[PDB]
Structure formats: C-alpha cells, structure tokens
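Chains as they are written, first to last, in the entry's author numbering: chain B, 35 to 364; chain A, 36 to 365. Backbone N, C-alpha and C define an ideal beta-carbon position, used for all residues, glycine too.
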Amino acid sequence: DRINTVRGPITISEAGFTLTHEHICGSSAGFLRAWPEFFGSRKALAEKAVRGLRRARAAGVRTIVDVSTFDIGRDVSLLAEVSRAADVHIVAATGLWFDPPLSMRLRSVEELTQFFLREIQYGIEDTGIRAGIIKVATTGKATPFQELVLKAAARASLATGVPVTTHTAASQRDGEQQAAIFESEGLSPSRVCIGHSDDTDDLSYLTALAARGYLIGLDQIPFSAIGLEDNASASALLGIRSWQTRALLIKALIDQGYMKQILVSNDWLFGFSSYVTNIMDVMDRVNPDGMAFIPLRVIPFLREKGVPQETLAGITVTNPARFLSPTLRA
Amino acid sequence: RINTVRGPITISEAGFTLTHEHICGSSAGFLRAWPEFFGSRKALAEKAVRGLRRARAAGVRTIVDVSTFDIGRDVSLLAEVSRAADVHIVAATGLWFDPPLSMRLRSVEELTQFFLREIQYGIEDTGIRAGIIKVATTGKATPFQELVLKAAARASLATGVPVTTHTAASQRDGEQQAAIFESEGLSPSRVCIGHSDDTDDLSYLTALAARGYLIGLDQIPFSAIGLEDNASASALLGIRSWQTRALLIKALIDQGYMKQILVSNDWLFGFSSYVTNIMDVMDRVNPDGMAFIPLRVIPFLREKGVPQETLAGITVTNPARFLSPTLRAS
Ligand SMILES: [Zn+2]
Ligand SMILES: [Zn+2]
Ligand SMILES: [Zn+2]
Ligand SMILES: [Zn+2]
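Given below as structure tokens:
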C-alpha cells in the first residue's frame with residue numbers, strides 16, 4: 035500500500051498520472067560528479083529538469099519513474115532536489131543496464147541479488163532513498179552476465195514485491211527470452227514490464243506477451259528521426275517510424291482487449307552524456323514538449339482516434355499504480 | 036610544487052616515493068553504491084591507514100595513487116587516509132581500461148578538457164588536483180586508447196604534469212606508446228612506461244631508457260608461485276618470481292640506467308574490479324603490502340651489491356624529478 039519515492043513513501047492515490055519510463059539524466063556512474071561541465075553545470079542541468087517537470091505537472095503528470103540504474107549514472111540526490119523543486123513524485127530504480135563497470139560485471143548472481151536488495155530495502159548510497167523499481171536490459175540474446183542480472187532482478191522482485199522493467203530491442207523479439215528467464219525463476223509476469231515494445235510493428239509479438247500477463251511498455255512514443263534521416267546518430271537512436279505509428283500501438287492493444295497491460299511513457303531526459311555530445315539538443319528539437327508529450331499530444335491524439343478518456347486514464351493512472359504497488363502477484 | 040591530496044608540496048618534502056600504487060582498485064561510483072563489498076567504507080579506510088602506517092614505518096613518505104576515474108578513484112578517501120597515516124598521496128587523472136560510455140564517446144579535445152579540469156581545477160567538487168596522468172594499453176592501442184594517449188600528452192604539455200602508463204610489456208607496448216607520445220611532441224622525460232618488470236627483454240627496456248623514458252618496474256611482488264593452480268590469481272599475478280623482477284632493477288642499474296628507473300608494488304587496500312576475494316589472495320602473497328619495496332626489495336638489492344646511494348637515487352631522487360612539473364626534466 036506504499037510506493038517508495040525519492041521523498042519517501044507515497045500512497046497509490048498520491049502517485050496519480052504516472053510516466054513509467056523516464057530519466058532525469060542519462061549518464062554513467064560517477065560522471066555527473068566528475069564532469070558536471072559536460073552539462074554546462076550541475077546547476078544548469080537541475081534548472082532544465084525543474085522547468086521540464088513543472089511543465090509536465092502543468093500538463094497533468096504527478097509521478098515519473100526514473101529508470102536510471104547505477105550504470106546510467108543515476109544520482110538520487112539530484113532526483114530528490116528536482117522532485118522537491120517541481121512537486122513531481124520520482125520513483126528511483128535499481129538494477130543494471132548495458133554499461134556495467136568491471137566491479138559489477140565480475141559479480142555472481144548472489145552478489146547482484148544482494149546489491150539490488152540493498153538499494154530496495156536499505157537505500158541508495160548513503161541517502162536512505164529506496165528504489166521502487168528494478169531496471170534491466172538485453173540487446174538480442176542475453177549474455178551470461180545479462181542472465182545473472184535478469185535472475186538477480188527476479189530474485190530481488192520475489193523478495194520485495196518491487197517490479198522489474200526492461201529495455202529490449204523489440205526487433206529482435208527480446209521480450210521473449212527475458213520472459214523465459216523470468217519465468218524460469220518463478221517471477222509473475224504481473225511484476226514485469228517488457229519495455230521499448232513500441233519499436234515494432236509486429237502486433238502478434240506484443241499480443242502474445244500480453245496474453246501471458248506481461249505489462250507492455252510503449253515508452254518511446256516521441257522517438258522519431260523523421261525530418262533528420264541523414265543524421266546517422268539520431269536515426270540510430272530514434273528510428274524512422276513516426277510518433278503516430280508508435281502511438282497507434284496503444285489503440286491496437288486496447289482493441290485486442292489488453293488495455294490493463296499497457297504502460298506509456300516518453301523515455302525522455304534532461305541531460306544525456308552516454309551518446310553523441312549534443313544528442314540532448316537534437317532530441318529537444320525533435321520533441322519540444324519533452325515529458326509533457328504524452329499528456330499534451332498522445333492522449334488528445336488517441337481521443338481523436340476514438341479512445342475514451344476513461345480508457346486513457348486507466349492506462350496512465352490505474353495501470354502504473356497496480357504495477358508499482360509492491361506485491362508478488364498483481 | 037607537486038600537487039597532493041593535502042595540497043602542493045615542495046621537492047624536498049616528497050622523500051621516499053612509491054610511484055605506482057592504489058588505495059582502492061574499483062570502478063566509478065562503486066565504493067559509494069556498494070561499500071559493503073569492502074565490508075564497509077570504515078573497514079576499507081582502517082585497512083588503508085594500517086597499510087600506509089606500515090609503509091611509513093619502513094621509510095615510505097609519498098605514494099602516487101594512479102587510480103583514474105574508471106578505477107573508482109575516490110579522492111575524498113585518499114585525503115582521509117593521507118591525513119590519518121601522515122603519508123603524502125598524489126592523485127591521478129587519465130583513463131584506464133574501463134571507461135563508461137560517457138567517456139568512450141568523447142573526442143580527443145573533450146578528453147583533453149577533462150584531464151585538464153582534474154589537474155588545473157580539481158577532482159569532482161573536492162578542490163583536490165591531480166599530480167599525474169594515467170593511461171593504458173594491452174597490446175596494440177584501441178582507437179579509443181589512441182585518443183586517451185594523445186589527450187594525456189596534450190594535458191601534460193599544458194601543465195607539466197607527467198604521464199604514467201600501464202603496458203603489456205610482453206607485447207612491447209612501450210614502443211607504440213612512445214611513438215604516439217612523441218608524435219604529440221611530449222618529452223620522454225615526462226613519461227613512465229609502466230609494468231615494465233614483466234619482461235626479460237633488456238634491449239626493449241634499455242632502448243626506451245636511452246630515449247629518456249622512465250621505466251616503471253612497479254609490480255615487484257606480483258607472483259603466483261605457490262598457488263599456480265589458482266587460475267584467476269596466476270592470470271593477474273603471473274609466474275615470474277619477485278626475485279626475477281627485482282633483478283631487472285639491478286640489470287638496468289648495471290647497464291647505466293639508474294636515473295631512468297622507478298620502482299613500486301602496484302599494491303592496494305581494496306580491490307573490486309576482479310574476483311571477489313582477490314585482495315585476500317594478494318595479502319597472502321605479500322603480507323608486507325606497500326612496505327614490500329623498502330623491506331624486501333632494497334635489502335635484496337643491497338645483498339646483491341647495489342650501493343645504498345643508488346637505491347636512494349631511485350626511490351627519492353628520481354620520483355621527485357619525475358613528479359615536479361616541467362615540460363622537459365633536463
Ligand atoms: Zn532503454
Ligand atoms: Zn530509458
Ligand atoms: Zn596496471
Ligand atoms: Zn596499478
């Protein structure tokens with residue numbers, strides 16, 4: 035009956051409209067503290083984040099889930115600062131993404147389980163801030179280390195009730211192997227979001243996962259390099275499908291009967307250091323609305339396509355609350 | 036003056052100096068996220084303080100902690116143990132073998148700016164300035180490692196701070212490193228070619244020394260003799276005896292290169308980037324820790340006929356000439 039945020043526990047009712055896959059800053063462990071000038075300054079980054087969260091809040095957002103892991107350079111002290119300033123709840127994450135350092139890559143399943151548990155049950159670093167979600171990643175068939183991470187995430191979820199959310203390459207149908215590994219651990223699909231699922235046009239891939247009880251993360255809705263296709267780096271990151279094509283997958287899954295299984299987000303951020311230097315600016319040029327893109331553009335778009343407001347409130351309020359509220363078994 | 040974690044020191048203050056050491060071999064952010072890996076931060080600090088006090092009692096006055104950003108260098112911890120043990124510690128900038136994406140994606144100009152920040156401004160928000168630049172290859176340089184070497188040469192050329200390297204001596208890495216450094220105009224007198232004790236190729240070593248390079252014979256206690264079937268320890272430590280490594284010091288002395296020699300242990304008080312208990316295995320191999328050089332190597336060389344004055348030149352005179360900022364130490 036409580037969800038952990040960077041400001042402490044909140045009720046299901048307090049979470050309200052929740053974006054389930056976002057970032058304050060996509061970076062690397064230790065990088066923000068070592069080279070804040072990469073972002074102009076820590077101050078400038080903080081300011082940009084407060085502005086964006088305030089705009090999001092004005093558009094209706096009440097909570098974001100920051101799925102930045104240790105190796106995404108998650109700085110929960112920065113999260114707490116911006117959450118306070120903007121009055122938007124922020125759920126922090128544990129887990130590991132694609133850039134684990136050696137001190138992580140060398141660890142056993144038992145050790146990784148202890149680390150994820152520490153961040154959920156005790157706190158992150160010395161902040162006392164506890165993670166409310168576990169983030170994991172594969173890009174095609176899991177490496178041996180990625181298997182350890184998936185197993186450890188499942189075990190941490192099974193001991194705490196905190197859910198697991200994933201990065202996939204939806205083209206490579208990764209959710210299928212992620213699912214297989216989670217189920218081998220006894221994890222309920224009700225505690226798992228298969229993320230970046232909006233990157234495919236193969237509806238049958240999505241429906242098969244949904245039929246199994248998985249949550250489906252349609253979470254890069256504004257990602258498109260339409261208008262900048264000759265920007266190789268931007269095209270690689272954003273793809274060449276329109277935001278409308280991505281958004282229409284939400285309607286497609288509603289129509290199949292899977293509205294309760296849908297989670298929607300922007301996968302936005304206010305700083306971004308793990309890619310080409312100015313990728314943040316390019317992204318802002320693509321989507322000036324930032325995190326407010328879902329409420330301001332996507333919801334009205336789906337309404338115009340015939341989706342009732344009530345269904346959209348279900349997807350953006352009810353589903354996230356059911357996903358996040360700790361349980362074995364949602 | 037030479038920048039230490041406690042402030043700039045004069046040449047006269049440096050005394051007996053171990054030029055390639057670590058307080059803790061880890062990964063960026065790792066110590067702060069998972070201090071229990073080390074028992075606790077307190078336990079790690081106590082172990083480091085005990086170890087430095089032992090080194091000091093054996094005559095050590097300064098160590099150069101060549102831990103980079105990606106070795107998880109925590110300069111706040113360095114300052115803490117430096118003050119507690121009364122041993123000078125020089126901190127490092129540069130990059131080693133585990134750069135995260137936020138480093139790997141950076142250009143030569145951006146890396147140069149980062150290294151310069153840590154030398155001229157300070158490390159993180161601590162105001163502690165680096166007194167050396169650490170770089171690394173394992174065989175032929177990767178494209179990224181080339182950028183790191185070029186950026187290190189540029190930062191050295193702007194500041195007078197020297198560059199020290201990790202090599203695979205068996206692959207004669209020193210020759211490519213030298214070539215890249217000189218293609219940037221760097222004086223060999225500002226460069227220590229490190230881990231040079233893992234070779235029997237005296238002609239490779241003397242050729243470099245003759246060109247003005249400093250030769251880092253810096254892993255003298257590294258040996259898995261008595262634990263050869265420990266795959267992980269033998270991979271890290273090798274099977275070359277400590278006596279063989281030490282006799283290379285005498286070999287270079289006997290060929291007239293005493294002024295080009297730098298000696299050290301490459302020791303540490305915590306180690307998280309390898310197998311979990313590697314620190315224990317290492318302490319079982321070399322209970323003297325950083326006091327191995329003064330307690331074991333020096334008397335061994337004395338017994339082999341090397342005059343004390345030569346050993347003082349190597350352990351006191353050479354490191355001071357190496358560390359004191361210049362563009363040409365001659
Ligand atoms: Zn992702
Ligand atoms: Zn993301
Ligand atoms: Zn090394
Ligand atoms: Zn080292």
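Collapsed DSSP secondary structure at residue i in the structure displayed
i: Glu-219 (chain B); result: coil
i: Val-226 (chain A); result: strand
i: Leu-297 (chain A); result: strand
i: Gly-42 (chain A); result: strand
i: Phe-306 (chain A); result: strand
i: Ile-313 (chain A); result: helix
i: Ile-37 (chain A); result: strand
i: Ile-158 (chain A); result: strand
i: residue 28 (chain B); result: Nothing about residue 28 (chain B) can be read from this structure; chain B reaches only from 35 to 364.
i: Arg-85 (chain B); result: helix
i: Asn-353 (chain A); result: helix
i: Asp-318 (chain A); result: helix
i: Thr-345 (chain B); result: helix
i: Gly-291 (chain A); result: coil
i: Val-95 (chain B); result: coil
i: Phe-73 (chain A); result: helix
i: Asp-323 (chain B); result: coil
i: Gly-50 (chain A); result: coil
i: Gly-209 (chain B); result: helix
i: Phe-257 (chain A); result: coil
i: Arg-189 (chain A); result: helix
i: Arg-363 (chain A); result: coil
i: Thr-177 (chain B); result: coil
i: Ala-120 (chain A); result: helix
i: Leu-79 (chain B); result: helix
i: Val-196 (chain B); result: coil
i: residue 373 (chain B); result: This structure cannot settle anything about residue 373 (chain B), because the visible part of chain B is limited to 35 through 364.
i: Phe-150 (chain A); result: helix
i: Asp-133 (chain A); result: coil
i: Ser-142 (chain A); result: coil
i: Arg-108 (chain A); result: coil
Cross-strand partners of residue i (DSSP beta bridge)
i: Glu-56 (chain A); result: A:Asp-100
i: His-201 (chain B); result: B:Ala-171
i: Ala-127 (chain A); result: A:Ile-167
heavy atom of ligand 6 below 7 Å from residue i C-beta
i: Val-116 (chain B); result: With respect to ligand 6, the structure offers nothing, as its ligand set consists of ligand 1, ligand 2, ligand 3 and ligand 4.
Practice prompt. Let me have the residue list for ligand 2: C-beta closer than 6 Å to any non-hydrogen atom, ordered along the chain.
Written response: Residue list for ligand 2: B:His-55, B:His-57, B:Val-101 and B:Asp-301 (CB closer than 6 Å to any heavy atom, chain order).
Item to complete: Run through the segment 228-254 of chain A for me and flag every whole beta strand (DSSP E) of 3 or more residues, listed as ranges in chain order.
Response: Taking only runs of at least 3 residues, the beta strand (DSSP E) segments lying wholly in the segment 228-254 of chain A are 249-252.
Fill in: Exercise answer, beta-carbon shell around ligand 3 heavy atoms below 6 Å
Answer in sequence order: A:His-201 and A:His-230.
Practice prompt. Tell me, please, whether the segment 163-182 of chain A touches the segment 99-114 of chain A by the rule of three or more beta-carbon pairs shorter than 8 Å.
Written response: Flag = yes, the segment 163-182 of chain A and the segment 99-114 of chain A touch.
Worksheet item: Three or more beta-carbon pairs under 8 Å between the segment 177-194 of chain B and the segment 129-146 of chain B, yes or no?
Response: Below 8 Å, enough C-beta pairs join the segment 177-194 of chain B and the segment 129-146 of chain B to call them touching: three or more.
Discussion item. With three or more C-beta pairs closer than 8 Å as the rule, is the segment 261-273 of chain B touching the segment 209-223 of chain B?
Written reply: Touching, no.
Fill in: Three or more C-beta pairs below 8 Å linking the segment 45-61 of chain B and the segment 100-120 of chain B
Taking 8 Å as the limit for Cβ pairs, the verdict is that the segment 100-120 of chain B does touch the segment 45-61 of chain B.
Worksheet entry | Meets three-Cβ-pair contact criterion under 8 Å: the segment 58-76 of chain B and the segment 322-331 of chain B | As far as the Cβ criterion goes, the segment 58-76 of chain B does not touch the segment 322-331 of chain B, which means the pair count is below three.
Discussion item. For the structure I just gave you, are there three or more beta carbon pairs, one from the segment 118-126 of chain A and one from the segment 83-99 of chain A, closer than 8 Å?
Written reply: The segment 83-99 of chain A and the segment 118-126 of chain A touch, with three or more beta-carbon pairs separated by less than 8 Å.
Worksheet item: If you scan the segment 260-288 of chain B from start to end, which runs of the alpha helix (DSSP H) of 4 or more residues do you find wholly inside it?
Response: Counting only runs of 4 or more, we get 266-272.
Worksheet item: Touch check for the segment 330-343 of chain B and the segment 285-296 of chain B: three-plus C-beta pairs under 8 Å?
Response: The segment 330-343 of chain B is in contact with the segment 285-296 of chain B.
Item to complete: Inspect the CB distances between the segment 42-53 of chain B and the segment 123-138 of chain A and report whether three or more fall short of 8 Å.
Response: Contact between the segment 42-53 of chain B and the segment 123-138 of chain A is absent, because fewer than three Cβ pairs lie under 8 Å.
Worksheet entry | Inter-stretch contact at 8 Å, needing at least 3 Cβ pairs: the segment 234-241 of chain B / the segment 256-263 of chain B | Taking 8 Å as the limit for Cβ pairs, the verdict is that the segment 256-263 of chain B does not touch the segment 234-241 of chain B.
Worksheet item: Pairing CB atoms from the segment 249-259 of chain A with CB atoms from the segment 288-303 of chain A, are three or more of them under 8 Å?
Response: Touching, yes, given that three or more Cβ pairs across the two stretches are closer than 8 Å.
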